Number of protein chains: 4
Amino acid sequence: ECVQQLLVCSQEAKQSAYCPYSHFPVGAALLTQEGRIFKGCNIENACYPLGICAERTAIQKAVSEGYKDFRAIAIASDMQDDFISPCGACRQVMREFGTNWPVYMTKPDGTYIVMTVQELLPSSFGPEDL
Amino acid sequence: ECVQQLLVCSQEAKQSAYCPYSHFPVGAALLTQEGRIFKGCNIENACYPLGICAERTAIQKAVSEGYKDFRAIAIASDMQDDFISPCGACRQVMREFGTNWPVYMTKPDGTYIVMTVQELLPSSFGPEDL
Amino acid sequence: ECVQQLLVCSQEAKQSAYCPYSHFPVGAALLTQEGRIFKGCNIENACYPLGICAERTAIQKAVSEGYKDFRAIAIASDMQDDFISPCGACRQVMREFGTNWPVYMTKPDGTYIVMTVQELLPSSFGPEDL
Amino acid sequence: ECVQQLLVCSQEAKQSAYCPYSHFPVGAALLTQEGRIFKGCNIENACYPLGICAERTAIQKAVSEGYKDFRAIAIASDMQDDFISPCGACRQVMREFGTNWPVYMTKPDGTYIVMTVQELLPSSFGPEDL
Ligand SMILES: O=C1NCC=CCN1[C@@H]1O[C@H](CO)[C@@H](O)[C@H]1O
Ligand SMILES: O=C1NCC=CCN1[C@@H]1O[C@H](CO)[C@@H](O)[C@H]1O
Ligand SMILES: O=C1NCC=CCN1[C@@H]1O[C@H](CO)[C@@H](O)[C@H]1O
Ligand SMILES: O=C1NCC=CCN1[C@@H]1O[C@H](CO)[C@@H](O)[C@H]1O
Ligand SMILES: [Zn+2]
Ligand SMILES: [Zn+2]
Ligand SMILES: [Zn+2]
Ligand SMILES: [Zn+2]
């Protein structure tokens, strides 16, 4: 039941969210095999397209530290009627570093649904096709 | 058996591909409900991130023409041992305009596997969560 | 080939804008050497990072159609105070296909200011750097 | 706070670069007002459009950590002929957090050229335009 640890960490991360345009804060906490946890939030830009997601910010922070072996990730948002699910782009970056690790799509209260990168990105495009 | 029509159109589209960096040409042919077909290819940039996929180029061309109701899309590449599958990002743009339409992931010879946007992007993030 | 054409064409292009999130419509009119014009608009996505600008939509349309020349491009917005300037990303895609050509930053007023791709993105990163 | 620190720190950052596709490593060292430095590298993806630059990786790391100030940033590459300049997209993300601060474009030589965010992206699009 260490999932609990991640969830709180992703809600903490959500606090540093820079989303002045959508006002839709998002946080994520990435867990490596080593046991270290990397936090990330969405970072928008006046030119919407140049923004970045919370999952991407965590993965990129971890990869820049040398951690490329992930065990799981938890996403948090202020949405109530829906679990917070990663977008196609984020699912593609996750895929770059793993196919069988769990993604925790939470709700503000602590409830969540879990799916692996493969389940989220079936018949995925990947490194091997290049 | 009009799928044939799309496939050829996506291979035609693949010819205008501007991929000097990956040398990995990709074409796509989008079919609207009206029956019109929109072609697209990947367009790279020295700064890799600024590039764009073939599916995205077709959808964006169609949307800029007022077509937002899609019936199907076909992707073509020069890859042999794998069907050409859309990346997470492209699956997210498709989702923006439809959840139940077919995506034709072809092979150079004409063989292919088909899946809907939903199957490709399960538990998807979408407009409604905003 | 002529300014007026670009002013009205980029203005019409703005009409197809798919921007339910920003409510900030943008249009683009890319004039090729041949004399053909390509219209483009901003096309947003529920996941902000996956939207795309009017200029890129226009350029991508052109390239996918075989045109990589470009004599000029005009941008338009519903912004009455100040001319819409392209975002750094667009300047970067513009540069991939030339650094001298003009970019017409306009106002609904019909009034405009013009700057070359090179002036918009000085000491730029490009294909030569490989 | 000091040039030398940024030159070596951006150089180390380049070591974590995940660039199996371009084989073009890039490092970034963002100096915050506080005096803390954030390293970043380019992190590519099988789908080129989904990679991310060293500067954005560095900036995003910082912001997610609460820092939105920035006193300067240095870029580094294995490019011995010419200083690496940031791509338009990076300049655009840089601008979102200030337009005056310096950008140190370097050479493995230790030699460099410096230009402000504003000089790199003149007559820029920004948050004020909403
Ligand atoms: O970080 C995200 N992760 C989860 C789900 C959707 C996309 N987002 C962010 O939500 C905002 C609305 O698109 C924008 O800041 C995205 O980066
Ligand atoms: O258009 C694509 N569609 C299908 C599958 C993967 C991603 N690509 C392109 O393949 C190249 C390698 O990433 C790059 O130009 C992408 O835009
Ligand atoms: O097309 C654009 N071109 C010029 C100027 C700004 C960036 N945009 C669009 O404006 C909206 C605000 O970021 C978003 O839909 C962008 O695609
Ligand atoms: O990090 C970068 N910063 C500065 C200069 C160019 C763009 N890049 C990276 O160089 C590679 C070539 O486009 C790709 O991995 C980009 O992310
Ligand atoms: Zn995402
Ligand atoms: Zn794609
Ligand atoms: Zn733009
Ligand atoms: Zn960059």
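Bear in mind that the values in this text are calculations on the coordinates, not laboratory data. Every residue, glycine among them, receives a Cβ derived from its backbone with ideal geometry; neighbour counts consider all protein chains shown.
Any chance you could check the Cα centroid distance between segment D:59-130 and segment A:85-125 for me, in angstrom?
Taking the Cα centre of segment A:85-125 as reference, the centre of segment D:59-130 is 32 Å away.
Please identify, among C:95, C:36, C:56, the residue showing maximal mean-square fluctuation in a Gaussian network model of chain C using a 10 angstrom Cα cutoff.
C:36
Please compute the average number of Cβ atoms from other chains found within 10 Å of each residue's Cβ in peptide A:55-67. Walk me through the numbers on the way to the answer.
Details: counts 0, 7, 7, 3, 2, 13, 10, 2, 7, 18, 4, 3, 1.
What the average comes to for A:55-67 is 6.
Mind checking D:74-85 for the average number of partner chain beta-carbons within 10 Å of each residue's beta-carbon?
Numbers: counts 0, 1, 0, 2, 0, 2, 0, 1, 4, 1, 2, 7.
Average neighbour count from other chains, rounded to a whole number: 2.
Hey, in the GNM for chain D with a 10 angstrom Cα cutoff, which one of D:89, D:62, D:17 fluctuates hardest?
Ranking D:89, D:62, D:17 by mean-square fluctuation puts D:89 first.
For chain C, with only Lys/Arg (+1) and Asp/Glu (-1) charged at the beta-carbon, what is the dipole magnitude about the Cα centre, in debye rounded to 20? Walk me through the numbers before you get to the answer.
Working: 10 positive and 15 negative charges, 40 e Å.
Taking the Cα centre of chain C as origin, the dipole is about 200 debye.
Between Rg and the Kirkwood Rh of chain D, both from Cα atoms, what is the Rg to Rh ratio? The partial results should precede the final answer.
Working: Rg = 13.7 Å, Rh = 14.5 Å.
In chain D, Rg relative to Rh is 0.95.
Computed FRET efficiency, Cβ-Cβ of residue A:69 and residue C:2, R0 56 Å: what is it to the nearest 0.05? Numbers along the way, then the final one.
Values: r = 58 Å, r/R0 = 1.04.
Efficiency for this residue pair is about 0.45.
Given axes a ≥ b ≥ c from the Cα gyration tensor, I'd like to know whether the protein assembly as shown is rounded (a/c under 1.5), prolate (a/b larger than b/c) or oblate. Spell out each step's value before the answer.
Working: a/c = 1.45, a/b = 1.06, b/c = 1.36.
It is rounded, given that a/c, with a ≥ b ≥ c, falls under 1.5.
For a quick check, take a GNM of chain C with Cα springs below 10 Å and name the residue from C:50, C:120, C:30 with the largest mean-square fluctuation.
Result: C:50 has the largest fluctuation of those listed.
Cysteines without a disulfide-compatible partner in chain C, using Cβ under 4.7 Å as the rule?
C:2, C:9, C:19, C:41, C:53, C:90
Please list 3J(HN,Hα) in residue order for segment B:94-101, calculated via the Karplus relation 6.51 cos²θ - 1.76 cosθ + 1.60 where θ = phi - 60°; whole Hz, with x for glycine and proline.
My calculation for segment B:94-101 gives 4, 3, 3, 10, x, 10, 9, 9 Hz in order.
To one decimal in nm, how far is residue D:129 from the same spot in the other copies, if labels go 7 Å from Cα toward Cβ? Please give the shortest first.
Here residue D:129 shows inter-copy label distances of 2.3, 2.9, 3.4 nm.
Treat each spin label as a single point 7 Å out from the Cα along the C-beta direction, and report the residue B:82 to residue B:100 distance in nm.
3.2 nm
Can you tell me, using C-alpha contacts under 8 Å and at least 6 residues apart, the relative contact order of segment B:24-118 as a whole percent?
Details: 194 pairs, mean separation 24.3, N = 95.
Reported as a whole number, the value is 26 percent.
In nanometres, what is the gap between the two model label sites at residue A:34 and residue B:36, each 7 Å from Cα along Cα-to-Cβ?
5.4 nm
Considering every residue in C:9-16, what mean count of other chain Cβ atoms within 10 Å of its Cβ is obtained? Show your work: numbers first, answer last.
Details: counts 0, 0, 0, 0, 1, 0, 1, 6.
The per-residue average across the peptide is 1.
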